[PDB]
Amino acid sequence: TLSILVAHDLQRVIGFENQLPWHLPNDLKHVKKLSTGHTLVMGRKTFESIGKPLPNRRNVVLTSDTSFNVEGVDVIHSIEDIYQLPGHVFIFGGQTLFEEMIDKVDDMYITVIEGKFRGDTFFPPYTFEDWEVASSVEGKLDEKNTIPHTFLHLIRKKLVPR
Ligand SMILES: NC(=O)c1ccc[n+]([C@@H]2O[C@H](COP(=O)([O-])OP(=O)(O)OC[C@H]3O[C@@H](n4cnc5c(N)ncnc54)[C@H](OP(=O)(O)O)[C@@H]3O)[C@@H](O)[C@H]2O)c1
Ligand SMILES: COc1cc2c(cc1OC)[C@H](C1CC1)N(C(=O)/C=C/c1cc(Cc3cnc(N)nc3N)cc(OC)c1OC)N=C2
């Protein structure tokens, strides 16, 4: 199974200056719950933003740099290598990988950040015409988690004749 895992705002912003535009602990918890025990594929810039591999899961980084080697990170040099990875693979970011993979994935785990942030990187446009909402769950707000957010699990719709 190949899935997208992403948080994007009302305008599909996902990043600003190589960081998340928002501070939202609940969403990183969401990420931890979904991806622990599985595989993350991410582009080089996303990896450098985080700075180190996320524990208790396989970290795969896509880059054209053959000098790339990081302790605890598997490196690939092409999209095609993604399909050789076993188990549940989450496309983790950033904009470039999402653009490259959105027409290829089975489903998407999207956190809609219900706000408008300054961004310089975006998730590609998509329509609920093409994606079934398997689930939609409002995130709970508190003192530390003040931005409204909704967890979507979207599954690609089958094209059929009507
Ligand atoms: N859910 C979210 O909100 C979320 C998730 C992840 C990231 N982000 C954000 O997204 C932003 C970064 O996105 P980005 O598009 O600038 O960077 P990115 O996709 O993380 O990384 C781009 C790099 O990935 C490598 N790459 C991509 N496609 C490749 C291919 N086909 N073959 C070989 N290498 C390939 C290249 O590395 P080399 O140049 O080293 O070859 C490329 O420069 C950051 O602001 C980050 O905060 C947000
Ligand atoms: C080596 O030790 C640790 C290092 C770390 C951590 C824990 C450790 O040990 C427990 C925490 C962990 C959560 C505790 N951590 C993160 O979660 C980072 C999350 C993160 C994710 C994304 C992708 C992403 C976010 N959202 C959703 N919806 N989809 C996605 N595809 C992007 C980021 O930046 C550009 C991130 O960076 C902010 N950062 C380092």
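Both ligands and their constituent atoms are indexed starting at 1 by order of listing. Numbers here are sequence positions counted from 1.
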Tell me the contacting part of [X] for ligand 1: side chain, backbone, both, or neither, using a 4.0 Å heavy-atom threshold, strictly below.
{"X": "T121", "result": "side chain"}
{"X": "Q95", "result": "both"}
{"X": "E100", "result": "side chain"}
{"X": "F92", "result": "backbone"}

On the 0 to 90° scale, with breaks at 30° and 60°, tag the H88-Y109 ring pair as parallel, tilted or perpendicular.
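If you compare the ring of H88 with that of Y109, the planes turn out tilted.
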Determine, counting only non-hydrogen atoms of the protein, whether one lies under 4.0 angstrom from atom 42 (C) of ligand 1.
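Within 4.0 Å: no protein heavy atom nearby.
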Would you say the side chains of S78 and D81 form a donor-acceptor pair under 3.5 Å?
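Note: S78 and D81 side chains meet the donor-acceptor criterion.
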Taking the minimum heavy-atom distance to atom 24 (C) of ligand 2, which of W22, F151, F92 ranks first?
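Comparing heavy atoms across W22, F151, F92, the nearest one to atom 24 (C) of ligand 2 lies in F92.
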List every atom of ligand 2 that sits less than 4.0 Å from any heavy atom of [X], numbering the atoms from 1 in the order shown and giving each element.
{"X": "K52", "value": "1 (C)"}
{"X": "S49", "value": "34 (O), 35 (C)"}
{"X": "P53", "value": "1 (C)"}
{"X": "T111", "value": "28 (N)"}

Does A7 approach ligand 2 within less than 4.0 angstrom via side chain, backbone, both or neither, non-hydrogen atoms only?
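For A7, backbone and side-chain atoms both sit under 4.0 Å from ligand 2.
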Among all protein heavy atoms in this structure, tell me which lies nearest to [atom], with the distance rounded to 0.1 Å.
{"atom": "atom 20 (C) of ligand 2", "answer": "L28 CD2, 4.0 Å"}
{"atom": "atom 29 (C) of ligand 1", "answer": "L62 CD2, 3.4 Å"}
{"atom": "atom 26 (N) of ligand 2", "answer": "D27 OD2, 3.0 Å"}

For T46, is the nearest heavy atom under 4.0 Å from an atom of ligand 2?
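For ligand 2, residue contact (heavy atoms, under 4.0 Å) with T46 is absent.
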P55: heavy atom below 4.0 Å from ligand 2, yes or no?
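Contact check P55 vs ligand 2: positive.
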So is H30 polar-close to ligand 2, meaning N/O to N/O under 3.5 Å?
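No - when backbone and side-chain N and O of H30 are compared with those of ligand 2, no distance drops under 3.5 Å.
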Element-labelled atoms of ligand 1 that are located less than 4.0 Å from some non-hydrogen atom of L20:
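Under 4.0 Å from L20, ligand 1 has these atoms: 2 (C), 3 (O), 47 (O), 48 (C).
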